[PDB]
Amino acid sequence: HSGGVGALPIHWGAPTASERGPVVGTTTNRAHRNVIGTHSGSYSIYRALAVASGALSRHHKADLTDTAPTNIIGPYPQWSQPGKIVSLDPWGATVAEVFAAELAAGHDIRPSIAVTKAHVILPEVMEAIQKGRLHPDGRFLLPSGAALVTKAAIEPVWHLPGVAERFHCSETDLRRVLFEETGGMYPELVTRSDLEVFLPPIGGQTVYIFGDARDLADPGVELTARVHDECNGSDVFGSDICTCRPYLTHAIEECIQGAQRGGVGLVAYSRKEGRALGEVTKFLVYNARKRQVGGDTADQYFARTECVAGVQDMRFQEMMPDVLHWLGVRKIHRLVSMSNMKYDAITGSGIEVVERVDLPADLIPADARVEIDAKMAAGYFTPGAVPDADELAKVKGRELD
């Protein structure tokens, strides 16, 4: 017969979906693949187990009927600005619509983004109502404490030349180091320089929108926003060693209020557990903090991570604002965050920040003083005085056991 069609080209950042080309990361037809890697982050490993055990056909293709976004997001000019969005596929939510022809031609194209709605009921919001900080309105916040949200799950899609620029290194070096430091994950990183797009086996993020997603692209609508990096031990389990769930739920409260007043709110939840070191390293460091000579002091907080991990933080907030540009955000009126790394990345990428909203002191959990004092001393935003050397030397961390 004939050789069917080859792999469709990708022109990253092109002005239209058709010129950009679809990300084809499925494996039903190897000849159509035009990226390195596969969809769903880490969960490609579980898909492989499902095929190996006979539960899933390696020929299966998704039926996308009725799955399209509940809310229209974009397109926006940022989707085609050179180098602006390099770690997600701006077209990834609307593939069934914008690549309908390519799907009909036989290219097996999966969404990398999904957009739905939810009622989120957080205990802290229920308490906020009881305390008179929040008042149900029936539209954004119900008397039950439920907040109506749009939520979008975004899986990672990396344009390697653009990622390299974002980190000020050559694409060749980025790709060689990705290959070497993963123990040889995906040799195409070094053997297929013609493939520009990489679907890494990492978690993505989820955006929670309070109000109308279209207002995110209108700087005349007051936007309250937080980008939160995953901390399972607090975000789920409420460990009192850190500030994470308190800051997350404070931000959610402020987003609900912002929407109620006629604005819009945004919380992005990014899968970067333990400063992207993972939870094992995180717990090893907790142990060293508590056992060190002199006790758990803020002046040693970062040193304890450096000794185990060789760096303080591997989250690389340089890629974090891509989701904001995807949503059309040009201005954040209230940024519910303190990190100078996040603030520098956001403003450095062209997003104006007006008010910085620090975490209220009464929300710092009982053993989180070491963390927050160390962060303020390291340059995180605070409206008042930064802890001095003497304050940072106080043994504020609880003993082990």
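For every residue, the number given is its place in the sequence shown, counted from 1.
So, looking at the entry's B-factor column for Cα atoms, which has the higher mean, 339 to 347 or 46 to 54? According to the PDB entry, the answer is 46 to 54.
May I ask you to compare 222 to 230 and 141 to 149 by their mean CA B factor in the entry and name the higher one? Averaging CA B-factors over each stretch, the winner is 141 to 149.
Going by the deposited entry, which of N287, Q78, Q130, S112 has the highest CA temperature factor? In the PDB entry, the greatest C-alpha B-factor among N287, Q78, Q130, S112 is found at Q130.
Among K375, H39, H60, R334, which residue carries the highest C-alpha B-factor recorded in the PDB entry? Out of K375, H39, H60, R334, the record gives the largest C-alpha B-factor to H60.
Could you say whether, by C-alpha temperature factor, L359 belongs to the lowest, middle or highest third of its chain? Its C-alpha B-factor belongs to the lowest third of this chain's values.
According to the PDB entry, is the CA B factor of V280 in the bottom, middle or top third of its chain, that is, lowest, middle or highest? Lowest third, going by the recorded CA B-factors of the chain.
Hey, what third does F167 fall into on Cα B-factor, ranked over its chain? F167: CA B-factor falls in the highest third of its chain.
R330, C-alpha B-factor rank within chain (lowest, middle or highest third): Ranked within chain, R330 CA B lands in the middle tercile.
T249 - which third its CA temperature factor falls in, relative to the rest of the chain: Ranked within chain, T249 CA B lands in the lowest tercile.
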